[PDB]
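Shown next, in structure tokens, is the structure this report addresses.
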Protein chains: 2
Amino acid sequence: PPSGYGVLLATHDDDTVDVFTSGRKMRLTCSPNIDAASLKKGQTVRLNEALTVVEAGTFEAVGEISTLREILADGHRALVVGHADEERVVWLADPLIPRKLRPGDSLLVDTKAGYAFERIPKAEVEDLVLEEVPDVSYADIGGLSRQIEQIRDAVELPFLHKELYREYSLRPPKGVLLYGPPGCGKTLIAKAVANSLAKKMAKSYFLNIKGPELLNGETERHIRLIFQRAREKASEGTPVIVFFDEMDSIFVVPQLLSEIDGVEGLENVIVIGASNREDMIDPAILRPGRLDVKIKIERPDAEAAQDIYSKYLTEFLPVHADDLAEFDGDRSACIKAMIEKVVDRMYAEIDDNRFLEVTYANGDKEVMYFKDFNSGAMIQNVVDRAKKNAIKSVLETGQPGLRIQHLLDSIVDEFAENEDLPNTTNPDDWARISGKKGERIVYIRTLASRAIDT
Amino acid sequence: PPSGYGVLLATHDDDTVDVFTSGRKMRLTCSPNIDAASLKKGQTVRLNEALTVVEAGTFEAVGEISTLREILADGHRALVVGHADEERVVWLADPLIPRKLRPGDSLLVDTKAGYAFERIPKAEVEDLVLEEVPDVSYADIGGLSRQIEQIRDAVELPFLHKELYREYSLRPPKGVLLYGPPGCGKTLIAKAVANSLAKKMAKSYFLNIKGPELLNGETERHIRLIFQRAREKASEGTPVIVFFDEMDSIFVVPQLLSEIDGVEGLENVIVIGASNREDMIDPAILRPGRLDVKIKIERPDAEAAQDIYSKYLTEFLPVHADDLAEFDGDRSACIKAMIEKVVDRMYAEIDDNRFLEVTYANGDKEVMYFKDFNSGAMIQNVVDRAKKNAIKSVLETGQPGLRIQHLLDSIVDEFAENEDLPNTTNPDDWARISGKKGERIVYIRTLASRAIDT
Ligand SMILES: Nc1ncnc2c1ncn2[C@@H]1O[C@H](COP(=O)(O)OP(=O)(O)O)[C@@H](O)[C@H]1O
Ligand SMILES: Nc1ncnc2c1ncn2[C@@H]1O[C@H](COP(=O)(O)OP(=O)(O)O)[C@@H](O)[C@H]1O
Ligand SMILES: [Mg+2]
Ligand SMILES: [Mg+2]
């Protein structure tokens, strides 16, 4: 019994069906065997040489993919765009007509029959818009108590006391800019605020996107998908943090602005952005309604560095026997001392810590030290090289443990490693140095000895 | 039993029909059952293998989409453009041949048949060109009385006194430029004038488009769609304000200039444009016939700030009991005196209010204070920070209500938050400061302390 196929389009009271077979739409009668009521829109039906619907199958599983623009008002049809930007209306097959179809989704289609059969999930798209459980907590962050309070007030506080906000006629902020010199805590602070917020659901969503991930379709589609997924998770009533890390590279702006304005309706979606370059930011992003709350994560001072070191010099690190000698086996007092020694030597104004020499337009010259260019990322890197020198010490001398001297040697080795490179400094620093003097910087020099343009 | 299909093209005196079936154009006989006079252009018809019309169906509801260029003279044909820029003429089916089909509308089409069956609305084009009831009124806007008279004289007055305008041979203005530093009221006035003019109808339309919306089809298709809708609403005889907010980004201009010039015939359509960057504006937009009326929204002086505070420090805000003591429970007097104290504070030349230092080309230096860089947005954000600090004090101290100190602390906090970044300052300020001094500005810095590019 040699037989052909077609796509089912419509079922009537007549007990006949409209089927797309052999490249054209025809009305065909069903065999008495098959029940015409149990058939479904878009289902592949089997035929014979009299062209009678003998059997019902499943939905077509291979074909063209189109990107869904919208579902039309009637609910049955959808507007989709193909590879050549050809825009077409098609019927939604039964597996679509929870989860909700949204603008940006990829649908398998037969454009000859005019049907859309399935939603094809795409990784890359999924792993772009994926929510993550945040790693970091406020206890992992050192030296930023002030800024943790600002981010709490902006993000966390509105949700906890909704009615007290309504009482004082205060509309909560909805966008945050983290900004400042690199390696100082903006990624950490953003994850930590998402973490403490999730912990106060004792059911929370945190989308982490880095700048480079956007430039990977074209940036329009990236932003459209990201905010559409935020829209999805927002429907549940849950708080949704959409974090744009490493935003430096971006400034593309008009869709980001347009999408942030678009989520103003939704009271539970918050946008946080992070930028190393305050100066290159498009002012549009910082206007009322968008990134309202501007939180500056600065470089650490001596007191902050003691806190940051405490996160990486724990008492679960092997300590050398000579170091423990001076504190008679008490590792709490040994380390807290070791952290105070390593910080004092990092932050002191000695000829060994000299880093830059600045020359101003009036002929004056000032010398900057490591104290003025430190970061949390640099403190951690100093600890990691100290650990690696202890691991080398184990192997080379036989004696286990981390000495004070491994850290102290690691400071100047770490700063010498970055006493050339462009990663180490930032316009916020030159602005700050120039500012305090009140003069323009005309010549910079490191102290090996190298020069840097102004 | 098994039957095919086709599209109806024309009906004759012969009681026969032209039908597009199976990729070809046919003359077919209607069955005796069918009344050929009641059939309609572009309608789907069922057949048999004798190829005789047995039933009238509905119109095709899936397929290609094209953008309508125009309707031809005969009234029955449309010139449409498909996805590959393939322009074609097609017949209009009955449901099109109320409302008005216009250039820009998306039409469902079968190009092989040569027919357009339906106008499919698009969500994103519909939300672009949607009118809105304006939120803001003149009572909500503080400190801009002159500018409110100027916007009234341009937009409102022509419509109220048409025959008095005719008497003096005065042609009414076509368009308004709102321009000045950011955060000072330009958006507010534009919707306040749409509001007061809608109130003088006791039907009027107000389209609100932001620059960013245009950049996200191509930029000049956006502008065609907007002005084509403005024509649709102008046909009613009522006023139509088309507001282009946040145009800083734009300057593309040619289609804007062309569409403003084209709409000058319709004297019930007004175009308002807002810009923060006076200096970057293409002079073409400001030439006679287009944005004739230039209204400058400046930064508020002390007395303007009194009026702006009063919009956000109302006596329906909880006020602390200690603050209510000194006016014996009188809230009007308590708040009026609170507003005078916070204003006097923020407009003072105290060391706490030092903002920037401007160095000139002759060596002279001038200290700029907060008063010189204030705005309506900053006043409101100072109020919102105080409201937040009240909310925190009730949680922390138990004692409800907002203290004067919450406002006063909030001033320096809000300025410190924005001391660093862009869009707190603007080229109009340097013009003003360089102007009043009569010297070029060579170096600038904030007073943390930090320099700016100039
Ligand atoms: N304040 C801090 N406390 C503890 N660790 C820090 C701190 N700042 C930076 N670090 C360390 O250095 C890394 C730098 O990351 P990040 O916080 O993202 O800086 P940035 O925001 O400049 O990229 C962190 O992953 C962390 O290991
Ligand atoms: N003159 C004013 N009176 C009252 N509030 C103002 C005034 N100017 C600005 N604001 C406040 O600050 C915000 C900035 O508004 P807007 O008028 O859009 O400034 P822009 O000129 O930058 O478009 C407004 O939402 C409003 O809350
Ligand atoms: Mg980071
Ligand atoms: Mg505005």
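Every chain in the structure tokens has a letter given in the order shown (A, B, ...), and although residue numbers restart at 1 in each chain, ligands are simply numbered from 1 in the order shown.
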Q) Given a cut-off of 8 Å, what residues near ligand 2 show up using only C-alpha atoms and all ligand atoms, put as a ChimeraX atom specification? A) /A:287-288 /B:140-144,179-189,245-246,274-276,297,300,304,307-309,311,375-381
(Q) Show me, as a count of residues only, every residue of chain A with an atom at most 6 Å from chain B, counting only C-alpha atoms. (A) 16
Q. Quick one: residues within 12 Å of region 325-330 of chain A, only C-alpha atoms counted, chain neighbours fewer than 6 positions away excluded, as a PyMOL selection string?
A. chain A and resi 315+319+336-338+403-404
Store the residues of this selection in a file with N, CA and C atoms, as an mmCIF file, in the first residue's frame.
```cif
data_model
loop_
_atom_site.group_PDB
_atom_site.id
_atom_site.type_symbol
_atom_site.label_atom_id
_atom_site.label_comp_id
_atom_site.auth_asym_id
_atom_site.auth_seq_id
_atom_site.Cartn_x
_atom_site.Cartn_y
_atom_site.Cartn_z
ATOM 1 N N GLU A 315 43.454 31.146 58.593
ATOM 2 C CA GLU A 315 44.210 30.221 59.452
ATOM 3 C C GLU A 315 44.082 28.749 59.036
ATOM 4 N N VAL A 319 51.268 27.438 57.919
ATOM 5 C CA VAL A 319 52.197 28.500 58.341
ATOM 6 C C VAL A 319 53.524 27.867 58.756
ATOM 7 N N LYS A 336 46.896 37.527 62.109
ATOM 8 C CA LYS A 336 46.458 38.921 62.271
ATOM 9 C C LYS A 336 47.670 39.846 62.387
ATOM 10 N N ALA A 337 48.745 39.349 62.994
ATOM 11 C CA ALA A 337 50.025 40.054 62.998
ATOM 12 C C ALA A 337 50.641 40.104 61.603
ATOM 13 N N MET A 338 50.709 38.945 60.946
ATOM 14 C CA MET A 338 51.253 38.808 59.577
ATOM 15 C C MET A 338 50.542 39.702 58.549
ATOM 16 N N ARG A 403 55.909 31.520 55.128
ATOM 17 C CA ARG A 403 56.585 32.568 55.909
ATOM 18 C C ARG A 403 56.018 33.965 55.624
ATOM 19 N N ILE A 404 56.191 34.865 56.585
ATOM 20 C CA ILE A 404 56.019 36.298 56.362
ATOM 21 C C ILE A 404 56.796 36.753 55.129
#
```
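Going from CA of residue 239 (chain B) over to CA of residue 268 (chain B), you cover 4.9 Å.
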Q | CA of residue 294 (chain B) to CA of residue 178 (chain B), straight-line distance in Å | A |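 These atoms are spaced 6.2 Å apart.
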